[PDB]
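A.B. asks: experimental coordinates follow, after the sequence.
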Amino acid sequence: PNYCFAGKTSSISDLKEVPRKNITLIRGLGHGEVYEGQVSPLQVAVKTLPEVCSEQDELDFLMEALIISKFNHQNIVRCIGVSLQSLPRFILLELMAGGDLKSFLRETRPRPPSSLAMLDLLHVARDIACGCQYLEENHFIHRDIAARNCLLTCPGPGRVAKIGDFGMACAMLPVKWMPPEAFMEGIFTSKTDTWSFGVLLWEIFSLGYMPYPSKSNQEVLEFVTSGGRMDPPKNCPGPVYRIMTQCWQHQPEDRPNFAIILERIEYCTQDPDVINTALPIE
Ligand SMILES: COc1cc(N2CCC(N3CCN(C)CC3)CC2)ccc1Nc1ncc(Cl)c(Nc2ccccc2P(C)(C)=O)n1
């Protein structure tokens with residue numbers, strides 16, 4: 001299997017094979033399965049392929065390794081290497097100690113008080129938008145920009161958010177992150193990623209709520225097609241909500257590219273009225 005990105009073609013032979021003897025598993029992290037690990041010492045996350053799997057599962061795994069290995073950006077998770085010549089097969093990734101963003105948001109929600117502030121949220125949004133701008137500039141369509149696919153380097157301040165999973169690149173389709181022309185026509189473009197980014201913003205500023213809270217997939221599809229959009233998250237500043245509503249323009253041509261999203265995020269970050277807004281206490 002071959003893979004091309006940024007005008008270069010790569011195959012399995014170009015991946016960095018790490019000797020199996022140099023890899024130590026430490027603990028499970030979530031769902032294949034992902035472990036904390038060590039490479040002789042580098043801390044890694046280890047994505048494993050079940051030994052019992054289809055040929056297409058094997059190929060899917062290979063492709064995910066080539067895709068992640070060829071990216072070179074600070075807001076995309078690094079691939080340390082692979083161990084594909086012993087079973088089970090491993091992909092070695094940068095350990096993101098802060099976890100997935102969805103869990104982080106849910107678990108770090110202000111409770112009775114200042115576990116998070118608005119600037120933390122804007123920094124995460126900026127980081128992911130920089131990641132997406134890098135993809136868009138390199139003509140890569142992610143297809144599943146969502147909080148569950150983003151990771152944080154560390155729990156505390158100085159955390160950096162990064163795009164972590166590239167699995168997507170009917171009942172399993174992430175309808176709630178997809179614009180009309182994607183779920184209706186199966187047309188994907190970089191404006192597809194813009195729409196999803198809008199939904200991720202909502203996830204961020206809601207502190208990890210499921211989009212379109214009470215609606216099923218079909219309800220969302222009919223709602224969104226008819227021009228329905230989500231309400232602002234609780235205490236969401238107007239300038240932030242305006243970015244969401246621009247990302248959710250019906251016409252792909254009317255949605256901003258990531259360079260523009262980034263500028264608008266940076267303007268929000270500069271506005272004292274935005275960053276002095278208190279997050280809701282649950
Ligand atoms: C310590 O590092 C982690 C911790 C957790 N946590 C988050 C809280 C969770 N909580 C604690 C509190 N408890 C009561 C309920 C559970 C426990 C696990 C999750 C993930 C990583 N790291 C990590 N790096 C790289 C990758 Cl690449 C990855 N990948 C990854 C790991 C897990 C899920 C999804 C992915 P993705 C996006 C789809 O690749 N994952």
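C.D. replies: Perfect, thanks for sending it. Numbering: from 1, shown residues only.
A.B. asks: SS state for residue 119?
C.D. replies: Classification of residue 119 by DSSP: H, G, I helix; E, B strand; the rest coil places it in helix.
A.B. asks: please apply the same query to residue 210.
C.D. replies: Under the three-state scheme (three-state DSSP), the conformation of residue 210 reads as coil.
A.B. asks: that one - nearest residue in space that isn't next to it in sequence?
C.D. replies: Of all residues beyond its chain neighbours, the one nearest residue 210 is residue 176 (7.8 Å), with distances taken as C-beta to C-beta, 6 or more residues apart in numbering. From N, CA and C alone the C-beta is placed, and that goes for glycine too.
A.B. asks: for that neighbour, what are phi and psi?
C.D. replies: According to degrees, to the nearest 10, the main-chain angles of residue 176 amount to phi -70, psi -10.
A.B. asks: burial count for it?
C.D. replies: Counted by other C-beta atoms under 10 Å, the residues lying close to residue 176 total 21.
A.B. asks: that one touches residue 199, doesn't it?
C.D. replies: Yes: at 6.7 Å, residue 176 and residue 199 qualify as touching, with contact defined as C-beta atoms under 8 Å.
A.B. asks: what sits in contact with each of those two?
C.D. replies: Listed as contacting both residue 176 and residue 199 by C-beta atoms under 8 Å, 6 or more residues apart in numbering are residue 211.
A.B. asks: now do the contacts for residue 76.
C.D. replies: Under the criterion of C-beta under 8 Å, 6+ apart, the contact list for residue 76 reads 68, 131, 134, 135, 162, 163.
A.B. asks: helix, strand or coil for residue 249?
C.D. replies: Per three-state DSSP, the local secondary structure of residue 249 is coil.
A.B. asks: rewinding a little: contacts only, for the residue nearest to residue 210.
C.D. replies: Listed by C-beta under 8 Å, 6+ apart, the contact partners of residue 176 are 199, 210, 211, 212, 217, 220.
A.B. asks: what about the residues you listed, which one has the most neighbours?
C.D. replies: Each of those was scored by neighbour count (other C-beta under 10 Å); the top score is that of residue 199, with 23 neighbours.
A.B. asks: so what's that one up against?
C.D. replies: Residue 199 makes contact with 145, 146, 176, 177, 211, 230, 244, 247, 248, according to C-beta under 8 Å, 6+ apart.
A.B. asks: switch to 10 Å and redo it
C.D. replies: Taking C-beta atoms under 10 Å, 6 or more residues apart in numbering as the criterion, residue 199 is in contact with 145-147, 174, 176-179, 211-212, 230, 244, 247-248.
A.B. asks: ok, residue 262 next?
C.D. replies: Residue 262 makes contacts with 125, 126, 129, 130, 132, 133, 256, as judged by C-beta under 10 Å, 6+ apart.
A.B. asks: phi, psi for the closest residue to residue 25 other than its chain neighbours please.
C.D. replies: Ranked by C-beta to C-beta, 6+ apart and with sequence neighbours excluded, the top spatial neighbour of residue 25 is residue 35, at 4.8 Å. With angles defined as degrees, to the nearest 10, residue 35 shows backbone torsions of phi -120, psi 150.
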